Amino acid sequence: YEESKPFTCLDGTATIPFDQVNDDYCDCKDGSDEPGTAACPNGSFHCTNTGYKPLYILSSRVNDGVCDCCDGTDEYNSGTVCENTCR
C-alpha cells in the first residue's frame, strides 16, 4: 500500500497535512489553507456563480448569514438560505 502527500502554502511559509486544509483554523499566513471557510483573516472565497460573472469575496463573509454570492454558496451552514439570483 502507498499513501498521500501534504499541502504547501502558496506563500511558501509552511507545509501542513491535507487534513488541515479547510479544517476551520488558519494555518497559512496567506490564508491559502482555508479557501472554503471563514477561518483566515486574509483569505478569499470563490463564488462560481454560473449564469453570471464569478466573484471572490472575503473569507470573513463565508457563513456570516449574509448572501454575498449570487449563487448562494457562501452560505452553506449559517442558517441563512440564499437563493440563486445570478439572473
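For every residue, the number given is its place in the sequence shown, counted from 1.
- The PDB entry reports B-factors from which the mean C-alpha value can be compared for 17 to 25 and 60 to 68; the larger average falls on 17 to 25.
- Stretches 5 to 13 and 73 to 81 differ in mean C-alpha B factor, with the higher average recorded for 5 to 13.
- In this PDB entry, residue 42 carries a Cα temperature factor that places it within the lowest third of its chain's modelled residues.
- Among the modelled residues of the chain, residue 51 sits in the highest third by CA temperature factor in this PDB entry.
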